[PDB]
Amino acid sequence: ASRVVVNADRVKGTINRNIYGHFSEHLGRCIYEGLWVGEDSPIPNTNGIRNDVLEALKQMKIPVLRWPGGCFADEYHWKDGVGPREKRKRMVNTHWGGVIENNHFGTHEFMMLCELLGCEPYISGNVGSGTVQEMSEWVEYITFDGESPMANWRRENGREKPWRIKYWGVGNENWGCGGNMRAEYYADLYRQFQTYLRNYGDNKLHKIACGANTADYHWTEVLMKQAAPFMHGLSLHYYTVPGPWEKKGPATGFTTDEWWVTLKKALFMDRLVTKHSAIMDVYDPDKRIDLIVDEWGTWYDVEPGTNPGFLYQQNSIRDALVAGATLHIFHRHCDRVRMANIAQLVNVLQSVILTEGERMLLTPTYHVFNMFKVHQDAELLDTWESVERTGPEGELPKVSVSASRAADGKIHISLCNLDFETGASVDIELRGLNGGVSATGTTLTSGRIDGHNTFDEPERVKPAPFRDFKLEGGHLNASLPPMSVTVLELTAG
C-alpha cells in the first residue's frame, strides 16, 4: 500500500484560488455558441449568454477567466469589439477555415460575463500587432473614472462607473504566433508597453509578462534578468501532447501505451515548474513575482471529420487524471505558482463543457474542477508520502495525493489513482489533529480507459459516493478504484 502522513497542524502555504483558472479564446466554438448565443437565441440565456453553461460554471466556482486568447490576443484590436453591437466590424471566411467573427462578444460582454460568473477578468493585450497607445487606451477605457475620450466612450456604451481589473497580460506567446520574438526583444517591448498601463483611481494592475514555452529556460532567464522589476507575474505554457505534433493521437479509442505516455507527459509539468522557478529564485529570492501557468492541458487530434482549426476533442477519464495530477503539482508549488488557466473553457481542447446547439455536457475534466474547488484558497497541509509505482518499469507514481484545510476548518484530501487496471491501497496517518474527525468521500471513475460523456449519454462518467475506506483512530485506510480521482472530506468531531 502507498503510505501518507498528513500533518494537519503544519501549514505549508495557501493554495491561491486562481490556480483553478480558465481560459477562453475567440477560436472555434469557445466564445460563439459555447458561451455567447446572442440575446434573441432560442437557447435560454441571460443577456446573450446561455444559462446552462453559466449555472455549471458558477457551481464549479470559476475564480478567473483569461480572454481573448493566446494567438488571437495578439491579432485583436479591442476597439473592434465596443460600440453599438449591430454596427461592429465583421469578418467572415467562406472557406473550411470557418472564421466567422462578428465582434458581438467584446469588452463589455466579457466584463459582464465575469460579473455573472463571479470571477476575476484577466485580459490579454496585443503586443505583436498592437501599439503602446492602443493598449494604454484599453486600460484607460476600462478603469478611468474621470473625463477623457476613452472613459466618455465607455459611458456612452453603457458602463458609467469604471470597472476594476487586476490581471493584465502584456502579449501572449510572443516567442511564436505573437511575433516570433527573441526573449531579448520581447523584454524591451514588455518594458515599454507596461510603462503606459496606468493605475487609475482605486484600480491596481497586476502586470503579467509572457513567459516560456515548455522548456525554454533561456526565456525565463532573460525576462527575469531584464524585466523583473516591471512585472508582477510571468507566465508559462505547457500542453500534454501524447504523440508527435503531426499526429497527436485521439481523445478516445486510444491504446494502453497512449494512457501511460499521456500521464507521463502530464507529470512533466512538475519538472518544468521546478526548473523555471529555480531560475526565478535567482533573480527574485523573495518570490514577489507570480508564476502563472496560463495555458495547460491535453491537446489531441480533433474528433474525426471536424475542422482541425477548431480544436474540438473529446474528454475522458484520462483527461480527468491529467487535470487532477496537474492541479496537485500546482498545489505543491503554491509558494510561487499562484494562477493557472486550463486551455479552453468550452468546445476547445481540454474543456470542462462541450455543447451541441441547445444541448451541453459536463466532461470528466469539469468534475475534477468541481470536486477540487474545495482546495481554492485553502491552506496546504504538510504531507509525507511513500507511494507505490505503476506503469511500464514503474515510471509513474500509482497515486497522487494532496491535503488542505478550508476556512471552515474542514480538511480535504484528494487522491488520484493513475493505474487503470487495479485499485490502489492508501494508508493515511492523520497527525496534529487535537480532536477526532469523521469522513465522507466522493469518487470519479470509469469502467473504460477512454470513458467519456456524450450528448446522448451525458452522465456516463460522473462523481459518486465513495465508501471504500475505513477510519479508525487517526488512520484512514482507503481502497481507491482503478483510474479514479477521489476527494475525502474530514470534519472535526
Side-chain angles (χ1 to χ4, degrees), residues 4-22 55-65 117-120 290 293 320 323-342 352 362 365-385 399-416 426 428-444 462-467 469 471 474-478 480 484-493:
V4 181
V5 178
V6 179
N7 294 291
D9 59 331
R10 184 66 181 182
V11 175
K12 299 295 269 184
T14 296
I15 303 165
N16 196 301
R17 62 181 179 267
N18 292 336
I19 284 176
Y20 286 80
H22 292 270
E55 279 316 306
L57 299 180
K58 282 158 72 189
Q59 172 170 333
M60 185 188 71
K61 293 173 177 200
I62 178 169
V64 64
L65 180 56
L117 293 172
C119 68
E120 292 282 345
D290 303 356
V293 187
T326 306
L327 293 163
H328 282 187
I329 286 161
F330 297 152
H331 293 188
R332 305 203 179 94
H333 294 272
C334 72
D335 58 309
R336 167 78 73 177
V337 170
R338 297 171 187 143
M339 176 181 298
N341 307 84
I342 189 172
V352 289
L362 305 170
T365 300
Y366 176 90
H367 295 305
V368 176
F369 273 82
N370 199 30
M371 293 170 73
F372 278 30
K373 75 189 165 199
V374 298
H375 293 302
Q376 293 188 20
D377 284 332
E379 292 179 314
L380 181 69
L381 299 173
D382 176 73
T383 71
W384 311 320
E385 62 205 28
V399 163
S400 173
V401 186
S402 185
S404 63
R405 183 178 49 244
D408 67 2
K410 295 186 200 173
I411 291 170
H412 301 90
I413 310 184
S414 49
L415 315 92
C416 305
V426 188
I428 303 163
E429 170 175 309
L430 315 162
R431 298 185 185 168
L433 220 44
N434 282 191
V437 296
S438 61
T440 61
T442 170
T443 191
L444 180 74
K462 65 168 178 166
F466 176 68
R467 315 192 204 265
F469 66 89
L471 175 52
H475 271 280
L476 203 167
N477 295 294
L480 306 172
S484 64
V485 178
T486 305
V487 182
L488 300 171
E489 175 171 76
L490 321 191
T491 307

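Residue numbers run from 1 in the order of the sequence given. Computed from heavy atoms alone, side chains included, the values below leave out hydrogens, waters and symmetry copies.
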Apply the test side-chain contact (heavy atoms from CB on, under 4.5 Å) to residues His22 and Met60: give CA-CA distance (whole Å), side-chain angles for both, the deciding distance (0.1 Å), then the verdict.
CA-CA 11 Å; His22 292 270; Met60 185 188 71; 3.4 Å; yes
Can you find a pair of side-chain heavy atoms, one from [X] and one from [Y], that are under 4.5 Å apart?
| X | Y | answer |
| --- | --- | --- |
| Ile428 | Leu415 | yes |
| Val401 | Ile413 | yes |
| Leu430 | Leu490 | yes |
| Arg431 | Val5 | yes |
| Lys462 | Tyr366 | no |
| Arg338 | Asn18 | no |
| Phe369 | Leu327 | yes |
| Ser402 | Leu380 | yes |

Distance check, rounded to the nearest 0.5 Å: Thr440 atom OG1 versus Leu471 atom CG?
11.0 Å
Find the distance between SG (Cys119) and CG (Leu65) and round it off to the nearest 0.5 Å.
5.0 Å
In sequence, state the C-alpha distance, the side-chain angles, and the governing distance for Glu429 and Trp384, and then conclude on side-chain contact (heavy atoms from CB on, under 4.5 Å).
CA-CA 10 Å; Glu429 170 175 309; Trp384 311 320; over 6 Å; no
Please confirm whether the backbone N or O of [Y] pairs with a side-chain atom of [X], one donor and one acceptor, at under 3.5 Å?
| X | Y | value |
| --- | --- | --- |
| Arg405 | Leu381 | no |
| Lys61 | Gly118 | no |
| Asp382 | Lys12 | no |

Where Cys416 and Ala325 come nearest, the two heavy atoms and their spacing
SG-N, 3.9 Å
For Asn16 and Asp290, what are the C-alpha separation, side-chain angles and deciding distance, and is it a side-chain contact (heavy atoms from CB on, under 4.5 Å)?
CA-CA 11 Å; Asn16 196 301; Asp290 303 356; over 6 Å; no
So, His375 and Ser414: side-chain donor and acceptor under 3.5 Å apart, yes or no?
yes
Between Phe466 and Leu488, does a side-chain contact (heavy atoms from CB on, under 4.5 Å) hold up when you go through it step by step?
CA-CA 8 Å; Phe466 176 68; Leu488 300 171; 3.9 Å; yes
